[PDB]
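Labels run A, B, C, D, E and F following the written order; every chain starts at residue 1.
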Amino acid sequence: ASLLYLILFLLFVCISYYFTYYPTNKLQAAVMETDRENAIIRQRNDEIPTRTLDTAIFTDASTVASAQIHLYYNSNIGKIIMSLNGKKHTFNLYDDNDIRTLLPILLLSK
Amino acid sequence: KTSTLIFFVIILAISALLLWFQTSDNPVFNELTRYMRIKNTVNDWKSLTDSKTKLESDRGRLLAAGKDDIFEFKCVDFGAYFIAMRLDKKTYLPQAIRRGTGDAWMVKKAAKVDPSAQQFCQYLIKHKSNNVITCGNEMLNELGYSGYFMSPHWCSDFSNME
Amino acid sequence: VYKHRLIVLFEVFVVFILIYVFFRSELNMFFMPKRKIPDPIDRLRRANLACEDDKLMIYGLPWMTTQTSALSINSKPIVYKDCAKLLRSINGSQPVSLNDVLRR
Amino acid sequence: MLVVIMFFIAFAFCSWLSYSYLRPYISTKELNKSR
Amino acid sequence: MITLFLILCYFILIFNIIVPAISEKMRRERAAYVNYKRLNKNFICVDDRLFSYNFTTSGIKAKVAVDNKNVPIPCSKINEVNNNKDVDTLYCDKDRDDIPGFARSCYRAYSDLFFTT
Amino acid sequence: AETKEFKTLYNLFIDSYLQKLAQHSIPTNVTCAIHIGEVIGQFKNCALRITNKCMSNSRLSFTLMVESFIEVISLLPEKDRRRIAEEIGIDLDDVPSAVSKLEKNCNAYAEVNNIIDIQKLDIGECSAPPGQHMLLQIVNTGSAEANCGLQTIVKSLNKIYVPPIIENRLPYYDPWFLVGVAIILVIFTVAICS
């Protein structure tokens, strides 16, 4: 049929265009995939700033103090490192204890 | 009808000749395909540089944690020469003391332990530190290479060591 | 003539076989978009702070729906009566979700 | 019919050339057998 | 006679694009494997998993290191991983769904192989 | 054709040793020479590099050689690096600034002068990835015992297995048979249609 012939010719054009102007090996195709994936990774990751952010901090069960912290989020292990007074503490976004420790210090940023 | 079949056979023969030249070790086809391949590779250099620089930026961000001494100039010894380097506060990429309009300053060593090289690297740290060069995109736009994909080089060796 | 259509179908079939045998992974990456890795902080965006009696409380937790008390630096329960005022002076009377905190 | 046998001859010859060209790679046993 | 035109198109496509593309892909992947095995050997560390690249009939393939209970081996003990050559390897061709982001790690392994070679 | 050098373990070792010799270079009054009667090269991408260093201090020569060898095998697997180490006669646990078994074996060339005399040399097949060449070196040094160590280490590194680049391109001969058959069969189909 005419429609089938047109579809076959379009498939021809698409396959030839891909094989000529696009990579045909695992390495370069994987590099392109990694480029797109890392772009998405960083678009999500840049939402967490490393600037000096003021927040209320709970050193004990009945104490509070206002101080500046730094935040660095990584997706290889999916954790947030919080920097306070020159000391860095890593909190996982998958562990319940780390989540319970890190959520108040983020939600109470003055 | 007859002309269509004749042209069908002729085009099949042309395709068979093209395949014969493609598969065989013909110098002419080799020259043409090498021309095309070199041009395509030099075109792809820019994308490769961007990807490697970005990945190195991520690994520099990951590496520079809990270490404030890596952010300051240090006389890193490369077995044969000293380089006064650090990590940039913005791009988190290796940044060293630049020699004029060239690459990083390489204080040549005359021995395994060369005190004079270390003294001169310290002198550069204390006096000539306003001129710096950073691996990545500034390196590409200044000297033409990214610092990576080059071995041996201070960017690649510093990334491998740290 | 059906023979010509059979020949062109054999052509497209052998093209598909050649693609599947050798260029399977490349075409799978290029044409099929793979799922993205889930973002745990995207899940945590729905969390917000309030007061469970005299203690800190985190509502909107899909990780643990049950009631959990927020942990301080030394991983101990937080018990302040004035924590509501601190929340009002930072986020407001309404419990501000972590999504708005990230948007800040 | 004549076009069919033309296609058969052309495809057979071109497949022979392609197979002879790709024998070192599609048959890894050949390359690893001779070091 | 559009059908004969399509037949000629696909014949030219296969025997003047795809076959040279197969040869070019094999040549590039074999070169990468050669530049990888000339210094590196056994497993290398990518995204906290361990990957090795071997050349087969249909190109290069990356196999990931796993223990007895199909769990990827953490990178920290690659030393002993190089000592034991009988460690379990899982191919990247099969999309095995138990490991979170297995294809992600495989793609990053191929990208790292390209960058190193 | 300006092609890159295909880096290989023995090539890295030789280049590191040469760089260490250059950076500890000291003037000397001894004459060091290379004399090759014939050099024959008939294979493409078979680069030949005749570097003529010579350091009179052979003790430092073995020190630098062992240091370079240790830095080279710092990337090999542990079992392979160690077994190659006993094959050569160098022990990692020993400091490079120490006399090893290899040096003791090669001291038998102390009396002879630091000249490299080759009656005839031919470069064999050099299979390299496209865009690169297989480079072979003929390095002289200030003592024939340092030379002994050099060639024995080079042979030991050559003993390893590196996968070769296989050439899949068919040999090319002028294909008039194909066009002849095409013309004959065009005549055949013309007759068939007529």
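Keep this in mind: a residue touches a chain if its C-beta (ideal position, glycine included) is under 8 Å from a C-beta of that chain, and two chains touch if they have at least 3 such contacts.
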{"item": "Set of chains adjacent to chain C and to chain D", "value": "E"}
{"item": "More contacts between chains, A-B or E-F", "value": "E-F"}
{"item": "Maximum centroid distance from chain C, chain identifier (CA atoms)", "value": "F"}
{"item": "Between chain E and chain B, distance of the C-alpha-averaged centres to the nearest whole Å", "value": "24"}
{"item": "Centroid distance [mean C-alpha coordinates] between chain D and chain B, Å", "value": "40"}
{"item": "Junction residues of chain B - those touching two or more other chains", "value": "5, 8-9, 12, 15-16, 19-20, 23, 48, 51, 55"}
{"item": "Junction residues of chain E, two or more chains touched", "value": "3-4, 6-7, 10-11, 13-15, 18-19, 21-23, 25-26, 30, 55, 58-59, 104, 107, 115"}
{"item": "Two or more partner chains touched - positions in chain D", "value": "2-3, 6-7, 10, 14, 17-18, 20-22, 25"}
{"item": "Complete list of chain pairs which touch one another", "value": "A-B, A-C, A-E, B-D, B-E, B-F, C-D, C-E, D-E, D-F, E-F"}
{"item": "Contacting residues of chain A [partner chain C, same complex]", "value": "8, 11, 15, 18, 22-26, 29-30, 32-33, 37, 40-41, 44, 47-48, 56-62, 64, 73, 75, 78, 80, 89, 93-94, 96-97, 99-101, 103-104, 106-110"}
{"item": "Parts of chain C lying in touch with chain D, wherever the complex brings them together", "value": "3-4, 7"}
{"item": "Residue ranges of chain F in contact with chain E within the complex", "value": "7-9, 75-80, 129-130, 162-166, 168"}
{"item": "Residues of chain C that touch chain E when the two form their complex", "value": "1, 4-5, 7-8, 11-12, 14-15, 18-19, 21-25, 29, 34, 37"}
{"item": "Sites on chain F touched by chain D in the complex", "value": "161, 164, 166-170, 185, 189, 192"}
